[PDB]
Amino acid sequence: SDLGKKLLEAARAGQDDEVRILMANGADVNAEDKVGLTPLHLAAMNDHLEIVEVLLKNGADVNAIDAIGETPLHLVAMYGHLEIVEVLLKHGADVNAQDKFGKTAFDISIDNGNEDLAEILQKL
């Protein structure tokens, strides 16, 4: 309840140790806020790699979607955090997931003309 909200904020804000202790305390790796974002979404979108890593290690849901169908991958695609992009795919992120406007991570790489990201997306 409160642990869940506390974890969401910590992941969002990048408090590595908060994340760690909260989960040990019993916070749900997969809590969602009102608009459907998880700690994995929040931590990834904000470029917090260690946290992402730790969340996945604790069984965070790589293909969690928020209220408009966005996965963590959608978000890191939009922000261009390539190294987080890789960690997600390494955990079975679904490169094909469609958000609500039927956009995939690759569609985002095209829209924002990020050639590097499309490079790695395409490859996979």
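Heads up: residue numbers just count along the shown sequence, starting at 1.
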Original post:
Which of the two stretches, 43-51 or 87-95, shows the higher mean Cα temperature factor in the record?
Top reply: 87-95
Subject >> 75-83 versus 33-41 - which carries the larger mean C-alpha B factor in the record >> reply: 75-83
**OP:** Sorting the chain's modelled residues by C-alpha B-factor, tell me whether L117 ends up in the lowest, middle or highest third.
**Re:** highest
Original post:
Against its chain's modelled residues, does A11's Cα B factor rank lowest, middle or highest third?
Top reply: lowest
Original post:
Lowest, middle or highest third of the chain for the C-alpha temperature factor of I110?
Top reply: highest
